[PDB]
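A, B, ... follow the sequence lines: proteins, then strands. Residue 1 opens every chain.
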Amino acid sequence: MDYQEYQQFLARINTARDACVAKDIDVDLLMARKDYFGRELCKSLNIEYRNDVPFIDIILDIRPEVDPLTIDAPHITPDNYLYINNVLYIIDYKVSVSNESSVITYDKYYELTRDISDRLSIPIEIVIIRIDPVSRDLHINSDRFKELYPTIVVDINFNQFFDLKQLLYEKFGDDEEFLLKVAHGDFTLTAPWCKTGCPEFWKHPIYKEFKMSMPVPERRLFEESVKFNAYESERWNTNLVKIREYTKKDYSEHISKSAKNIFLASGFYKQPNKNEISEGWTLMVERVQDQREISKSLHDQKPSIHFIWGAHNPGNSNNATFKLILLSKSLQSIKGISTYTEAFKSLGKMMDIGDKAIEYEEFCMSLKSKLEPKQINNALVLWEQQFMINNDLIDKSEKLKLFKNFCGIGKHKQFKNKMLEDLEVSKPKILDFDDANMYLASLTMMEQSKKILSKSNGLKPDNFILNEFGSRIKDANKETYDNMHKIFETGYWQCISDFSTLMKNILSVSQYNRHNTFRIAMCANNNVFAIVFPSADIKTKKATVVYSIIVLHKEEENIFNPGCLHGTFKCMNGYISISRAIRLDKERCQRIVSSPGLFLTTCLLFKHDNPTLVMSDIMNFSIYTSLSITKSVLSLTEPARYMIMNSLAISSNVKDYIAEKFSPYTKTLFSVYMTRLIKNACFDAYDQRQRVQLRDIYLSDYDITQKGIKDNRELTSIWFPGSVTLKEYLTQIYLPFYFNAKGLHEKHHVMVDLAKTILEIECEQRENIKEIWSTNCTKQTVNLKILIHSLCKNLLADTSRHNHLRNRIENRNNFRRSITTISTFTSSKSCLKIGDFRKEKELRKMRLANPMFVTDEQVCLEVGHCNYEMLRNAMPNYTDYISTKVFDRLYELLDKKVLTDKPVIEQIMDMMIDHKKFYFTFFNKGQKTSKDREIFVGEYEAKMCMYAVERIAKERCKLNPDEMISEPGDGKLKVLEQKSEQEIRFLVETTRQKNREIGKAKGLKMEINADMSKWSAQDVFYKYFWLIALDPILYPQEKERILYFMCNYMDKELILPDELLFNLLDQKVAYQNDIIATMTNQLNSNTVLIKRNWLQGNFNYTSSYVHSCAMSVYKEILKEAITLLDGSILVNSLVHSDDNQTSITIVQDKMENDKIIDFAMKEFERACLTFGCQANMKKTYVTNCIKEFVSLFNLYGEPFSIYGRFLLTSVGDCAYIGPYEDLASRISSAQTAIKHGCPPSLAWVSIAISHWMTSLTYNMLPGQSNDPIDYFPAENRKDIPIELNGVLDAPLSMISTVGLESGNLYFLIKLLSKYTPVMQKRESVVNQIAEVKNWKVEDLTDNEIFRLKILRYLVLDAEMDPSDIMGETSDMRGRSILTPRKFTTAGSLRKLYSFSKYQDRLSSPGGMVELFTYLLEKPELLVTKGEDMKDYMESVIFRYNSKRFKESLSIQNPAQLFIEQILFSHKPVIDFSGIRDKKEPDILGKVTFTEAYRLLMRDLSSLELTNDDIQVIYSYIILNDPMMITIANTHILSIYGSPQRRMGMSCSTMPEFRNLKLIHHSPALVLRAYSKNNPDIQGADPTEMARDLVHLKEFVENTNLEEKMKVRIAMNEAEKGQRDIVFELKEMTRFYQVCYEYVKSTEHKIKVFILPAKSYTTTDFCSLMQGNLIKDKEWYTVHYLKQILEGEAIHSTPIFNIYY
RNA sequence: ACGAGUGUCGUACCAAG
RNA sequence: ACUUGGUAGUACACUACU
Ligand SMILES: Nc1ncnc2c1ncn2[C@@H]1O[C@H](COP(=O)(O)OP(=O)(O)OP(=O)(O)O)[C@@H](O)[C@H]1O
Ligand SMILES: [Mg+2]
Ligand SMILES: [Mg+2]
């Protein structure tokens, strides 16, 4: 306010450098504003200015008689008080715009002062005076106060504070860190969350164990720290300062002792030289031979690929009947004697229709038009290519031999009949990869496959990919087009396509089979056939398909045999090759079907821009990797990454990893081949450590124009013969891990493995860990005094304003609001319930197979597989549990009065003491790792308590609040680059400053990429106790309650899942050393107590904070050690959950770099160990120039990412929800790959493959059943929107910027160019849109009118519903016009309490009518889902009406949906009902895709399109958003310039993207404010939401949405004659869904791009983005007609030259 | 045979003769 | 063991971080 204060604030702003200081300045500015307003208001009220007066002082002033000890004043600290006429007024000053903080403060003060008002028999009136800073208006809630002061005027001015805040925000606007550090600074009040503490915490056995471990002074320090109150104390930091001073001596001694070790370093670290790799390999081989059964016989090999293939015959015909006759005659003529020759000959005999081909065809057609076999000549025909076994034509012994031994059908004994001798005990059998003969055989197989499959298929390439995207691919890169065409020419492509098609045909006929029948499956190849043997229905649970491949070939040895052949036999006119029978499940068949796209993607990714590589060599490896559906290759791909990276690194423990953990699993020959490849790569990795080089650095004191790694091909290729660049080397290292064959774990074994892992960790902790604290870096211990001192220092540094920190934590996480407003407490995720659930789970008696659990009554009983009923009788101490949904659990708890309308933090504090005994269960994640990770599911109450703890710990972390731990943002890729920049500059200036005097000072760049081993499983949870006691933003009662919760959490019990217990109860033989039985008291109970494991991912943020403290200690040690050498050091540490990236830049001359590297690595390990952490030797390594943070690379300043992992995943993962959904996910993945550096041609190839695979899945290819070309006014698929099963037509720049909306934008831009007058062809898009008024609607074409009608009535409006919208919320509508139905699992819904309530209300006289009218009179319950108890419970019951909502709660197994798209292509699956509503299978709909097309076209033709409609389209698709306008202008006004080579890359976000955002808030917040008609809501800034609501109201008014809704409602009411609740509710739902979709379309999540140059303006970003995506080999300088809106070498270990 | 596995599994199930 | 008849929609599946 005064001159000195304002200039001091200016000085602080100008001298501010970090975001934390800016946040402190903002807090100080807010406090100064509040103080100014309070002083001026006190002047107006003629009362003495008091601020933050303790309530006890108030009472003593008004009641001096009462002793202060007698009265227990509330722990509030009111701003002011006024006691007159026996009335006490409590006055609080507020300078906020919203009234939410005032309401919260009033409620809290009222409920905390009512007690003391009652005891003293004096009324206490709570009055909050709030001034609005922009309108200067006073708001007073109290009517008595307003009577007592009739007129209050405060003529003041807040302009100075506004300008100061504006300057501060301008200086820090482009900092994302600053924006979210001051996001929720609306101060409500400071009050404890609970009135009382937890006295029984001090008597907890866990607390007593924790206390007895520490020394007596530490016990006293902890006791006084828990009891310290930072709000009544004279200073908030007295406790922290005292404890820091106490621990300072030992902390300094530890730091000095660690730093002095630099002189004791020997310089010898763990270098990955070839001798070390050889020793590790020998130890690994010994370990594997110990743990596996090693076979040197080639007959023991498993199929590398489960297919045998041969080339087709051009002479023969591809007719099915002729192929069948040829196959029968070839099978009948098998020559020689063999085990199954008679069976095969008889099988051919019983399918030889002979001369009666016409009768066979007519019988098959008659069957198709409309089962008893029909006797064709020596054939019993049941269907097309289905034949019954003829017992007259085959001998019984041969039939049994063929069905039992060859196919494994009925050979085994049933589980009930199995004896002890029937059980097999043996180690898994794998091939000897070291054996020279085995490797030679694998090499022979690879060479033979390359010989056969390299030949041309003889057919001209013609397919969907070429016909749809060949021009774009050729324009982006002609070399990519040539490579793809050569791939299409080869026999690799024909073989893999034949395998995929034959697999689809085998699956399509796997429904109706009988034991005495077999089927023939064919493909486009006339020489390849499949015999399908009887099995269970494929749609059933865990069903398998069993088949054998037969190939006819004229010349022997022309058969493709990847270890699958059974035999080759001479037959009439050639040879017939038969493979062994193969059983596969649904997921492996899905992998086979989707293999061709993966093969193409892998081939094009590996061959991209590498003339040294040979395409045939790449294809030979890619066909084996793409068609690998077994664990053998998964056991090799992931270890290869870490092994090769660690052998490449300067220092790593790769030898120990190979010796102890690397376990190759080689059951196939390709596994032996790949193992040899990995061994050679690891051997040669350290040899080429020398051949990596650095670019010359062009820096000009303001930016570094050129940097990175030289793109010279001197490294040896890993999987192929050839040479690669370092980037290509890393790509070859990392891509094979992303050949994701997920879902290959079997629960039978993986559940036991996970249980064994958890229980073994728990046992090792139970018996081998006796001490908690240590000073010698003992494993799983913490240095107590170092931990305490570090926590004190970091808490002091991060708690500048403790009141505002507490307020921000409360505001961000909705502590003072209802539980129903938290997303994680109302979600559809799973949680656990403990209780009696016999009825839910129990849905001729059997005896258990295990002999230990059989009573004398059950001795004479049939053995059966264990179920829940059988498990109940076996276990005495069985704790019953069930899994439910989170929202259902919340509904049940609210219904049973466990949870109330109280603020959520009060309920959490209550539950921390009420809920004492915790339960968890586990399941397998199902990831592509060779060993799966376990995932723990807990209860609702555990979720509440952990929510409170994690939200407290999250604020102090440096992590971005709005991102998840599971998916780190790409912004890290930028941050790393920034760090590298400084570490380069620091290296340049320090070396030049020290060498100016000239024994020469030398530099060193060190980069530690580390992961922690068993981050949650092996941790000291006790170290977090001190984190809560020392926290200065917590009251003592809150600390006691949280510590009580943590003590109870250390006593948690893991529940073993029922499936695992079923597995263990069916064994019949005891396990020799059964850890599971030992932990469960010989299966007495299903619960095991877990003490030191905090569970997978429950404490991410707390652990991250402690990890950051450990890195701070490491930095301190390094700085002191370098100070001992009188050198310069720069340490930068990036910390994620357990991932670390530490960069060290050192300039010194005392000693050699090797000693410094050894010392730094030893100190890193010791610093991790001192805090209870251990570095993972599998993922920890040290380099000079390669930074590896979470999946992101920095190659000496150049950002880098393996973008192929985004492409491959798009092929690999499919949810099979629907055509448009799958296409949208794949296109989003392609856009993500583009942002990460994908060349344009590869992106176009990815998009083409995505479209082709989507069309294959849903029969949308040209000429197929769901082909939409004939139903719509379109000549090509390009003319149909992708939402209507069309293909995407948009420039790659548009896809990169606006992914899914690119099609509509590009169509609108094309329409503008076609109908814009010639004088305005090249102008701003605003000027061209203005002339749309001059367009003639009759001049438009049918396609243009049809697409414009879609845009007007289906995008900007809701004229036709994709599904039944009753029960849907405002966000459930998407962009999908046609949506297939999915599963609605009846078992999943029967487990929901709220679902039973919904059924009860549905079967009631008029309950649903009352619910609908309640929803209608409160329409914001459609946008929200309830903000209190009653509204949430009504909204849940209403939401149960939605069929789409019940499908979201159901199980959508991707394999079952994949076979659904194969078996039931013609089934109606679409719920399409025209314009605004004008035993059955599990999945069923109203109409099919073609019927949907016809109804959609018929209803579109009835609509009317006018000029005003086109104006509305152009105004609210393009003109509304600054981004869309910018993109349109860039496309229209683009001029490409001179070509330029791509040399260096930079990470850049679109500059000033905040000015390109129309709506600041999220769609949910905007819709909440609009539906409630209030600008200020819980998580919104009132001023910004005012203009957001202005924009939304403009959209609603100009498009006549509400007026048309009212007219429709009135017309319907007139037609019916009475008010219709359902119609009006549906109309409101449609209106809110349209508003939500508009607001969502407004926002674009532009993020970090990798671009050839740095961008400083929005135009620069657009030009770089556009010029980058034209050609692969080079990029163009792009200009716009109008506005769119001296060399020196450095003396360092990584040698480099700077051109300054 | 095939899938899985240094954990006994899948390799359809039931009834009648 | 073999013959005939009947039955069978999913891994009833999944979390902590938005
Ligand atoms: N899928 C997940 N679900 C829950 N928490 C997870 C998940 N993935 C990672 N986390 C959390 O992040 C941490 C890091 O786990 P990560 O996969 O890096 O390995 P780790 O468990 O530390 O073990 P290791 O390095 O020995 O394999 C976990 O300990 C857990 O807290
Ligand atoms: Mg880890
Ligand atoms: Mg990690």
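- No donor-acceptor pair closer than 3.5 Å links the side chain of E293(A) to the backbone N or O of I430(A).
- A positive value of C1'-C2'-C3'-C4' puts the sugar of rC13(B) in the north, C3'-endo-like family.
- Taking only distance into account, the side chain of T1385(A) never meets the base of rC12(C) through a donor-acceptor pair shorter than 3.5 Å.
- In this structure, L1095(A) reaches neither bases nor backbone, as no heavy-atom distance under 4.0 Å exists between it and the strands shown.
- In this structure, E1460(A) reaches the bases: a heavy-atom distance under 4.0 Å links it to at least one base atom across the strands shown.
- Closest contact between the side chain of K586(A) and the listed nucleotides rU10(C), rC17(C), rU15(C) involves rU10(C).
- Using a 4.0 Å heavy-atom cutoff across all strands shown, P961(A) reaches sugar-phosphate atoms only and no base atom.
- A salt bridge is absent between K742(A) and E587(A); no separation between the charged side-chain nitrogens and carboxylate oxygens falls under 4.0 Å.
- Nucleotides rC2(B) and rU11(B), compared at atom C1', are 9 Å apart to the nearest Å.
- Comparing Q1072(A) and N513(A) along RNA chain B, the residue whose closest nucleotide (by nearest heavy atom) sits nearer the 5' end is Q1072(A).
- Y665(A) comes within 4.0 angstrom of a base, heavy atoms only.
- To the nearest angstrom, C1' of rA13(C) lies 13 Å from CZ of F1383(A).
- Where RNA chain B meets chain A (any atom under 4.0 Å from a heavy atom), the bounding nucleotides read 5' to 3' are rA1(B) to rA15(B).
- As judged by a 4.0 angstrom heavy-atom cut-off over every strand, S1137(A) is placed among residues making no nucleic acid contact.
- Among the heavy atoms of the strands lying under 4.0 Å from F1464(A) is at least one base atom, whether or not backbone atoms are also near.
- Side-chain nitrogen and oxygen atoms of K541(A) include none within less than 4.0 Å of the OP1 or OP2 phosphate oxygen of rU7(C).
- Closest heavy-atom contact between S1104(A) and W1015(A): N-CZ2, 4.4 Å.
- Among the protein residues, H515(A) comes within range of the sugar-phosphate backbone only, with heavy atoms under 4.0 Å from sugar or phosphate atoms but none that close to a base.
- Not one N or O on the side chain of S1388(A) forms a donor-acceptor pair closer than 3.5 Å with the backbone of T1384(A).
- For the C1' atom pair drawn from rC2(C) and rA15(B), the interatomic distance equals 15 Å after rounding to whole Å.
- With a cut-off of 3.5 Å on both Watson-Crick or G-U wobble distances, the partner of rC14(C) is given as none.
- Salt bridge status for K1640(A) with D1371(A): absent, with no side-chain N to carboxylate O gap under 4.0 Å.
- Salt-bridge annotation for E939(A) and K833(A): absent, with no side-chain N of the basic residue lying under 4.0 Å from a carboxylate O of the acidic one.
- Residue-level contact check: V937(A) touches the backbone only, with heavy atoms under 4.0 Å from sugar-phosphate atoms and none from bases.
- Summary of the strand contacts: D537(A) and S1388(A) both lie near RNA chain C, and taking for each the nucleotide with the nearest heavy atom, the more 5' one is attributed to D537(A).
- Looking at heavy-atom distances under 4.0 Å, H306(A) makes contact with sugar-phosphate atoms alone, never a base.
- Base stacking of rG9(C) on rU10(C): absent by the 5.5 Å centre and 30° plane cutoffs.
- For the pair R951(A) and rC17(C), the criterion of a side-chain N or O lying under 4.0 Å from OP1 or OP2 is met.
- When each of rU3(C), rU15(C), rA1(C) is scored by its nearest atom to the side-chain atoms of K404(A), the top-ranked nucleotide is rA1(C).
- From the dihedral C1'-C2'-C3'-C4', which is negative here, one reads the pucker of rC12(C) as south, toward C2'-endo.
- Toward the 5' end of RNA chain B, the nearer of the two residues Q301(A) and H865(A), judged by each one's closest nucleotide, is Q301(A).
- Rounded to a whole angstrom, the distance from the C1' atom of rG17(B) to that of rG5(C) is 11 Å.
- The pair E398(A)-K396(A) fails the salt-bridge criterion, with no side-chain N (NZ, NE, NH1 or NH2) lying under 4.0 Å from an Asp/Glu carboxylate O.
- Note that CD1 of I1055(A) is 12.5 Å distant from CG of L1060(A), once rounded to the nearest 0.5 Å.
- Proximity of a side-chain donor or acceptor of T884(A) to a complementary backbone N or O of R889(A) within less than 3.5 Å is not detected.
- Atom name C1', nucleotides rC14(C) and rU8(B): the rounded distance is 27 Å, in whole Å.
- With a cut-off of 3.5 Å on both pairing distances, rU11(B) has no Watson-Crick or G-U wobble partner at all.
- Counting to the nearest Å, the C1' atom of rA13(C) and the CG atom of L1457(A) are 13 Å from each other.
- Between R844(A) and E862(A), at least one side-chain nitrogen of the basic residue sits less than 4.0 Å from a carboxylate oxygen of the acidic one, meeting the salt-bridge criterion.
- A donor-acceptor pair under 3.5 Å is formed between the side chain of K1467(A) and the backbone N or O of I1483(A).
- Nucleic acid contact for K1467(A): base, since at least one base atom lies under 4.0 Å from a heavy atom of the residue.
- Note on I1483(A): a base of the nucleic acid sits closer than 4.0 angstrom, heavy atoms only.
- Annotated as not stacked: the bases of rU6(B) and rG7(B), by the 5.5 Å centre and 30° plane rule.
- Between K925(A) and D932(A), no side-chain nitrogen of the basic residue sits less than 4.0 Å from a carboxylate oxygen of the acidic one, so the salt-bridge criterion is not met.
- Taking a cutoff of 4.0 Å between a charged side-chain nitrogen and a carboxylate oxygen, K756(A) and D753(A) do not qualify as a salt bridge.
- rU10(C) has a negative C1'-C2'-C3'-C4' torsion, placing its sugar in the south range.
- Nearest to the side chain of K747(A), among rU3(C), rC14(C), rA16(C), sits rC14(C).
- Across residues 408-418 of chain A, not one residue has a non-hydrogen atom less than 4.0 Å from an atom of RNA chain C.
- Side-chain N/O atoms of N1453(A) include one lying less than 4.0 angstrom from OP1 or OP2 on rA11(C).
- Comment: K1382(A) does not engage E1447(A) in a salt bridge, judged by the lack of any side-chain N to carboxylate O separation of less than 4.0 angstrom.
- Atom CD of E1059(A) and atom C1' of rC14(C) are 13 Å apart (whole Å).
- Between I1459(A) and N924(A), the one whose closest nucleotide on RNA chain C sits nearer the 5' end is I1459(A).
- Contact annotation for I822(A): no contact, since no heavy-atom pair falls under 4.0 Å across all strands.
- Taking 3.5 Å as the limit, the base of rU15(C) and the side chain of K925(A) contain a donor-acceptor pair of atoms between them.
- Legend: stacked base step between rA12(B) and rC13(B); six-membered ring centres less than 5.5 Å apart, planes less than 30° apart.
- With both ends at atom P, the span from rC13(B) to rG7(B) equals 25 Å, rounded to whole Å.
- Sugar pucker of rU11(B) is north, as judged by a positive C1'-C2'-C3'-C4' dihedral.
- The torsion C1'-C2'-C3'-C4' is the criterion here, and for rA13(C) it is negative, giving a south pucker.
- Residue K756(A) is classed as a base contact, given a heavy-atom separation below 4.0 Å to a base.
- Contacts of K542(A) with the nucleic acid, taken as non-hydrogen atoms under 4.0 Å apart, involve only primed sugar atoms and P, OP1 or OP2.
- Checking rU4(C), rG9(C), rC17(C) against the side-chain heavy atoms of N516(A) singles out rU4(C) as nearest.
- Between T824(A) and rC17(C) there is a side-chain polar atom (N or O) within less than 4.0 angstrom of OP1 or OP2.
- Residue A1455(A) places its side chain closer to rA11(C) than to any other of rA11(C), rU10(C), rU18(C).
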